[PDB]
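J.: Can you look at this? It's an experimental structure, sequence on top.
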Amino acid sequence: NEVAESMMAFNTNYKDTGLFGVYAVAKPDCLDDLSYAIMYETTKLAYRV
Amino acid sequence: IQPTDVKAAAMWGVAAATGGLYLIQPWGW
Amino acid sequence: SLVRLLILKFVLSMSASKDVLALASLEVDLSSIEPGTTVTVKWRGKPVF
Amino acid sequence: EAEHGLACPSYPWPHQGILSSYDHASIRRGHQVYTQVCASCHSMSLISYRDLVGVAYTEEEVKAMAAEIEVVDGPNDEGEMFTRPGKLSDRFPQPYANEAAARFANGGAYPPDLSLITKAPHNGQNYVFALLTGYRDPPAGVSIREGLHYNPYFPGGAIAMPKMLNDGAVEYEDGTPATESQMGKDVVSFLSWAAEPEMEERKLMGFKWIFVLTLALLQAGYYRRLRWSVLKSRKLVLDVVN
Amino acid sequence: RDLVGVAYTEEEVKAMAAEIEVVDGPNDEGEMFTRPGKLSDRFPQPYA
Amino acid sequence: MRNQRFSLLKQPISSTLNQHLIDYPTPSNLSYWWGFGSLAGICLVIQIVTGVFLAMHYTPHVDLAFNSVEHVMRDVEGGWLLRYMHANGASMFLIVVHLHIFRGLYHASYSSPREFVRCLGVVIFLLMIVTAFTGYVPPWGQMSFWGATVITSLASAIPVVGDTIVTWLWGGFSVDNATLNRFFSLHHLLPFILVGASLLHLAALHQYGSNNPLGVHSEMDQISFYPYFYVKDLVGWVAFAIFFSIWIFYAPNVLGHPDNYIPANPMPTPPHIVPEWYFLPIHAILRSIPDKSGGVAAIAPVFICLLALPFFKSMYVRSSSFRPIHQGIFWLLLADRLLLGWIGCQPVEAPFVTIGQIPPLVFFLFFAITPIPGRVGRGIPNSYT
Amino acid sequence: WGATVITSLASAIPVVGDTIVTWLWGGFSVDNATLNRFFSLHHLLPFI
Amino acid sequence: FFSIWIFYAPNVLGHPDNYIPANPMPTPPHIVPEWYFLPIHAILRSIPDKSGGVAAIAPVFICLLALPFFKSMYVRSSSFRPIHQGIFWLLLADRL
Amino acid sequence: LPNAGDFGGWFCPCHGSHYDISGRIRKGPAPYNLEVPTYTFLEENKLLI
Amino acid sequence: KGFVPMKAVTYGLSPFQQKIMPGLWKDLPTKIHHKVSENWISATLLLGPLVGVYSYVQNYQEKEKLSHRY
Amino acid sequence: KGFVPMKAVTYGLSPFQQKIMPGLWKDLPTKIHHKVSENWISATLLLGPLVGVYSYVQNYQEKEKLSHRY
Amino acid sequence: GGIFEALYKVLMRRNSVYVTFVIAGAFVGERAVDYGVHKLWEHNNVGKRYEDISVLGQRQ
Ligand SMILES: CCCCCCCCCCCCCCCCCC(=O)OC[C@H](COP(=O)(O)OCCN)OC(=O)CCCCCCCCCCCCCCCCC
Ligand code: HEC
Ligand code: HEM
Ligand code: HEM
Ligand SMILES: COC(=O)N(OC)c1ccccc1COc1ccn(-c2ccc(Cl)cc2)n1
Ligand SMILES: COC(=O)N(OC)c1ccccc1COc1ccn(-c2ccc(Cl)cc2)n1
């Protein structure tokens, strides 16, 4: 759908905590359909693999 | 996955029977 | 529960009234005819063959 | 000052309250004051015989109360009318044949229908009590016509109904002394039920749903303040001073 | 009144209608009576 | 468009509902005074649903109409609830709309660019008055006959045609069965015109959006309707249903007249003919003129000076928060519409003939002393600077 | 005799259907409870 | 066309039996509906079981609601389709 | 309707119930027999509804 | 139709990190004094002409009632 | 939604330079022969099963009427 | 506070016992409140019911 310039998933570890997520770069009129697609596929990992 | 999709989806068939006799008590049938 | 109360009160008012149910059982008489013929007499809102 | 009447006081009726019911032994006694003192010139015509079953009488007692009157029934196979004993479905009987024959037996004045008479005037329960037990002697300077009596609570001061609740006019079947103030209180509790026969099914449904709706109001004020808390506590820096 | 102008004059219907007795409402004594018919009345019924 | 699908609310089958009821941008500082407009659309749906079930047991005939309403109250299952919801529900529909109108006068919501939103709502207020009046006749009591006589004969003071108007509205020489049958047919029809004129009145507001309690340009701080103004409108629909349930179960006859429990008799007159509480202010203006043809001509300038508020211009400040003099005139007009309602249920005598002639004058001095602050006020930035 | 032939055709539905027809009728036959509710629905359905 | 039914033949499309007031004791000899209900009235009386008669009216409105969901047909118009065109005129002879 | 049918029974041209005079159905979709209520003589010929 | 170009920085917390209810009964004496020392000329303009007119009518009707009595 | 890029040349006259009505009764014998030699298998499929069924019913009812007569 | 994680532990991680609990919990609650209104009623009115009529059976 060309809704971004670039997309990247990250995963950082520390001694007691960490961070898991997604980083994205896009044009200002694409931010609704991009945010739907990011949240739809992360939550699907808890349901349907 | 896809089994757990339907293995969920057929108990809303039955959440709806706890609901289908909840107000009407359809009696004769 | 509020959707339960309203929907039942609108649908039960269409059922049958207290004055219709008061005219549902009574006692009436007939007259005589000859073997093999037909005459009817009324009871509540329908005939008696 | 005598153009709308005198103002009636307020009596503590036993069915006034948010959880108060009818006194059903006083409805039972007030139907007996009506049927012996009142039904000779007043009609009800909205109340049936089947409406007292379960309120003041058993079904066997109404099937022997209703069978003491003759009711006109439709045409036979010869096309003629007849009479039959009454049933449970029948209405209370009419004293007259029409409104014209009702004024003729009463000096021109018409005695109204009493099946809704506690709702038809203002303050309709304290007015019927104070009128029936309110026949007095006129003040100094007022004269009344012949055939009219002085009641200060009637608008005008001159009513065409004579005083009818005298001491001992009814034989109560339960050992109650039939005083004037006793029969007046008992006939208004019967007339209150007849206007509003739904009051007990109504006060019990309204306590169930005002209580249940004040629980949904406590849920909805939490749900509102939870969705609005990210906006109501945010910090904002802007660059502008004045 | 429906025959006036179709087959009869208004004077002929006012003498055709006045030959029947029609029941009229209660008087000041609350009783029924009979009166001769008018232009507004319906055709009479043979039975009850 | 996009190349494949996404959220299903952005599909054509649900776009008109998404962009106008879910994602619609709203000013973030709207108070609870912006809640009475969806509350009035619920009161209109209650009247339609309750009246469709009431009309399955009602007979529009002069020999059968009073006894059909007592048959509902006594023999139909739950029928006393169906009548008390409909009689008291017409009083709730007028309380909510009266608080709606006084919001728009305080914050000057009729102003540009929102003139067509004001003028479509003056038409709605006229269709509500005709519908409630024409429906108060079907019970056919002593106040349903002597109120339709006092109002329909008031058109006999219009010049040469006049007396041909009233005998065409009546269908005869008086109020009778030809009048009760045509008042029933128009009463099923006019609530469905009122529905189409309310959807049209909302398309005119979604062209410019809503006003706010500060009165300013608001496009830099706006949030969406769902969930923020849906969950605070839901607090208002539950506080309303409690207040509506103390009128059905504990006081169902306080807001009416006892004389409508006597069947209609055209030979005697009731001692005092008083309308419902929500017609009492225009009933006191109509009886304030000692000429009758000048009484009909004082009701039509009520609906002319309402329809001609948003067309005076020079007023750049909208909200009464920043306008200390016009704010004191608002509370002095509200005290006059409550004093005209008191006069409209009093006898026509002394002293209520003088106290009922000055408040019709003060009511018409509100719409002439608005535009003079539209002249003296626009020289404020050149003096206070 | 057309409202009798059609509304009684719902009495062949399994075993909640004898409670359908006497709720549609408002009684035990086609009568004044049925003519009054057929009029109210007939003003409503053209606007849907 | 509508004015030759109001001024010159206003009762051709009705039944005379609706000018007798309703009597629930006798039955008319033949109960026939209006002309526009006659095709579904003949399907409803064609089943010799009654519960299978209500269950032949509901598959009339099911096979109507499930026409546009069969797919593989790229030609639409019956002008270029000579066999389905002859089936159209053979269905119209059946509804009459 | 009486006086017609495949027997002379109770012809019903509503949806085609051809009865016999006994009352139990011959050819048609009437799911039951006709209702049988309770009645007996007093002496001679009047049997009560 | 809806665009104003802007420049600002906003910070925000989560709903499940705050106290939702206790900010209602917080300083209700201070809240009451703020509303009635700022809205006391708008209630003297709403109730004022109504208390003064009701006093005139009850005095007029109590002097033509005592002038008709013999 | 509605764009097809195209290349064509069109010429057109004015309405008040032509004859509006006479092109109706122009060659009506030729027009009639074209419609009935191209639509004669669509009317043999519409009237055919109706004329043949009406012939069956009138013959069935004329042989059970002459078998009931004495 | 340990009942609060344990009650969310079992039931609502999906719509299993959500659109079935709210229905079946609407019943035990509607019968818990209809029972208490029907016992506060017959405690405020003693001696006033229909079965408290001393001459009930005997009209004659
Ligand atoms: C072989 C078929 C079997 C028989 C038919 C099914 C049983 C008959 C029951 C009748 C109801 C029919 C229900 C079917 C509707 C949905 C079917 C559908 O979505 O078709 C799919 C079609 C193309 O599908 P596609 O996008 O390519 O993706 C599929 C790849 N796996 O994409 C679409 O068509 C969807 C886009 C149009 C849908 C808009 C709504 C059309 C009406 C559907 C509702 C059914 C009628 C109800 C009345 C509607 C109004 C209230
Ligand atoms: C003598 C026959 C008669 C008797 C018996 C009778 N009434 Fe009346 N009643 C009348 C007449 C006549 C009027 C009309 C009075 C008038 O128009 O001024 C009337 C009027 C009334 C009114 C209306 C008062 C009003 O303000 O309109 C009430 C209430 C009433 N009666 C109640 C009763 C009750 C209760 C009893 C039983 C104790 C009773 N009546 C017995 C003849 C009677
Ligand atoms: C399709 C819509 C409606 C229908 C079919 C309808 C039907 C009826 C019927 C049958 C009655 C007579 C029964 C009775 O007296 O209670 C009535 C009365 C009445 N209607 Fe409606 N109604 C509708 C909408 C409305 C609306 C929208 C309003 C007000 C804005 C309204 C106001 C009234 C009033 C005030 C009464 C008088 C009731 C009384 O005081 O007893 N109606 N209506
Ligand atoms: C059936 C009656 C009515 C309905 C359903 C209705 C509906 C609405 C709704 C839903 C809104 C938006 C929400 C809100 O601002 O509160 C609104 C706004 C508005 N309405 Fe009404 N309304 C009705 C009557 C009226 C009347 C009688 C008037 C004026 C005489 C009016 C004038 C306005 C105005 C001026 C707004 C401005 C919005 C703003 O100030 O931000 N409406 N209406
Ligand atoms: C609910 O109805 C009543 O209260 N009605 O009507 C039976 C009543 C009862 C008694 C006395 C007066 C009325 C009417 O009072 C008014 C006062 C003004 N209008 C009016 C009506 C229509 C139009 Cl277009 C314009 C003005 N009506
Ligand atoms: C204009 O009405 C008539 O001609 N009516 O009705 C009095 C009539 C008169 C006589 C005999 C039969 C009818 C009815 O005929 C039919 C045949 C099928 N439906 C039908 C109706 C509703 C639904 Cl949902 C589904 C099917 N009705």
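T.: Received the coordinates, thanks. Residues are numbered from 1 along each chain as shown, chains lettered A, B, ... in the order given. Ligands and ions are numbered 1, 2, ... in the order given.

J.: Quick one: residues contacting residue F:125.
T.: Listed by C-beta atoms under 8 Å, 6 or more residues apart in numbering or on different chains, the contact set of residue F:125 reads F:97, F:101. All C-beta atoms are positioned from the backbone trio N, CA, C, and that covers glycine.

J.: In terms of helices and strands, where is the residue of the stretch 51-200 of chain F found nearest chain D?
T.: Nearest to chain D, among the residues of the stretch 51-200 of chain F, is residue F:80, at 4.8 Å (C-beta to the nearest C-beta). Per DSSP states H and E: residue F:80 is located in helix F:79-87.

J.: Which SSE is immediately downstream of that helix?
T.: Using DSSP H and E, the helix or strand that follows helix F:79-87 in sequence is helix F:89-106.

J.: quick one: contacts of that following helix?
T.: F:33-34, F:36-37, F:39-40, F:43-44, F:46-47, F:50, F:109-110, F:118, F:121, F:125, F:128, F:132, F:135, F:240, F:244, F:247, F:255, F:276-278, F:319-320, F:330, F:334.

J.: In stretch A:38-49, which residues are buried?
T.: For stretch A:38-49, the neighbour count (16 or more other C-beta atoms under 10 Å in any protein chain shown) marks residue A:38 as buried.

J.: Repeat that for stretch J:41-59.
T.: J:45, J:46, J:49, J:53.

J.: List just the nearest of those to chain I.
T.: Nearest to chain I among the buried residues of stretch J:41-59 is residue J:46, at 72.2 Å by C-beta to the nearest C-beta.

J.: mind checking the SS state of the closest one?
T.: Applying DSSP: H, G, I helix; E, B strand; the rest coil to residue J:46 yields a three-state assignment of coil.

J.: Now for it: which residues touch it?
T.: Residue J:46 makes contacts with F:331, F:332, F:334, F:335, as judged by C-beta under 8 Å, 6+ apart.

J.: Tell me where chain D has strands.
T.: In chain D, the segments counted as strands under DSSP state E are D:70-73, D:82-85, D:149-150, D:158-159, D:235-237.

J.: So for chain J, which residue is the most central one in space?
T.: Chain J has residue J:39 as the residue nearest its centroid, 6.4 Å off, counting by C-alpha atoms, centre = their mean.

J.: my bad, chain I
T.: Centre-most residue of chain I, counting by C-alpha atoms, centre = their mean: residue I:23, 3.5 Å.

J.: Against residue D:216, how distant is that one?
T.: According to C-beta to C-beta, to the nearest Å, residue I:23 and residue D:216 sit 59 Å apart.

J.: can you redo the strands of chain D as a markdown table with mean neighbour count and distance to residue D:135?
T.: Listed next are those as a markdown table, based on neighbours: other C-beta atoms under 10 Å in any protein chain shown; distance: least, C-beta to C-beta, whole Å:
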| stretch | mean neighbour count | distance to residue D:135 |
| --- | --- | --- |
| strand D:70-73 | 11 | 35 |
| strand D:82-85 | 12 | 38 |
| strand D:149-150 | 17 | 6 |
| strand D:158-159 | 18 | 9 |
| strand D:235-237 | 9 | 80 |
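
J.: and the residue in chain D that chain E sits nearest to, how many neighbours does it have?
T.: Residue of chain D nearest chain E, by C-beta to the nearest C-beta: residue D:101 (2.7 Å). A count of nearby residues for residue D:101, using other C-beta atoms under 10 Å in any protein chain shown, gives 17.

J.: And residue F:172, by the same measure?
T.: Counted with other C-beta under 10 Å, the neighbours of residue F:172 add up to 11.

J.: Repeat that for residue F:181.
T.: 13.

J.: ok, the closest residue to it other than its chain neighbours - how many residues close by?
T.: Spatial nearest neighbour of residue F:181, excluding adjacent residues (C-beta to C-beta, 6 or more residues apart in numbering or on different chains): residue F:60 at 5.3 Å. Residues lying near residue F:60 (other C-beta under 10 Å) number 19.

J.: Residue F:60: what's it in contact with?
T.: Residue F:60 is in contact with F:138, F:180, F:181, F:184, counting by C-beta under 8 Å, 6+ apart.

J.: Mark which of these are buried, thanks.
T.: The buried subset of the contacts of residue F:60 - by 16+ other C-beta under 10 Å - is F:138, F:180, F:184.

J.: Now distance to residue F:231 and secondary structure too, for the residues you listed, in a markdown table please.
T.: Output for the buried ones among the contacts of residue F:60, formatted as a markdown table (distance: C-beta to C-beta, whole Å; DSSP: H, G, I helix; E, B strand; the rest coil):
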| residue | distance to residue F:231 | secondary structure |
| --- | --- | --- |
| F:138 | 40 | coil |
| F:180 | 46 | helix |
| F:184 | 41 | helix |
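
J.: my read: the residue of the stretch 51-200 of chain F closest to chain D touches residue D:198, true?
T.: Yes: the pair residue F:80 / residue D:198 is scored as a contact, 4.8 Å apart, by C-beta atoms under 8 Å.

J.: Between the two, which has more neighbouring residues?
T.: Set residue F:80 next to residue D:198 and count neighbours by other C-beta under 10 Å: residue F:80 wins out with 20 against 17.

J.: Please identify the buried residues of stretch F:29-42?
T.: Neighbour-count burial for stretch F:29-42, counted by 16+ other C-beta under 10 Å, picks out F:30, F:34, F:35, F:36, F:37, F:38, F:39, F:40, F:42.

J.: my bad, stretch D:216-235
T.: If you call a residue buried by 16+ other C-beta under 10 Å, then stretch D:216-235 has these buried ones: D:216, D:220, D:221, D:223, D:224, D:225, D:228, D:229.

J.: close to chain F, is it?
T.: Yes: interface with chain F: stretch D:216-235 contributes D:216, D:217, D:220, D:221, D:223, D:224, D:227, D:228, D:231 (C-beta under 8 Å from any C-beta of the partner chain).

J.: list the contacts for the second one?
T.: Remark: with contacts taken as C-beta under 8 Å, 6+ apart, residue D:217 is in contact with F:235, F:238, F:239, F:242.

J.: What about those, which are in helices?
T.: In helices, defined here by DSSP state H, the members of the contacts of residue D:217 are F:235, F:238, F:239, F:242.

J.: what comes into contact with stretch D:184-203?
T.: Residues from elsewhere that reach stretch D:184-203 (C-beta under 8 Å, 6+ apart): D:13-15, D:18-23, D:26-27, D:29-31, D:33-34, D:38, D:44, D:46-47, D:51, D:55, D:114-119, D:125, D:128-129, D:132-133, D:165, F:73-74, F:80, F:249-250.

J.: residues in contact with the residue of the stretch 51-200 of chain F closest to chain D?
T.: For residue F:80, counting by C-beta under 8 Å, 6+ apart, the contacting residues are D:198, D:202, F:72, F:73.

J.: got it, and residue L:37?
T.: D:204, D:207, D:208, D:211.

J.: how about the nearest residue to residue 6, chain neighbours excluded?
T.: Unless you meant another one, I'm taking chain A. The spatial neighbour of residue A:6 that comes closest, neighbours along the chain excluded (C-beta to C-beta, 6+ apart), is residue A:25 at 4.9 Å.

J.: could you do chain D instead?
T.: Once flanking residues are discounted, residue D:6 sits nearest to residue D:152: 4.6 Å by C-beta to C-beta, 6+ apart.

J.: Quick check: closest non-adjacent residue to the residue of chain D closest to chain E.
T.: Spatial nearest neighbour of residue D:101, chain neighbours left out: residue E:30 (2.7 Å); criterion: C-beta to C-beta, 6+ apart.
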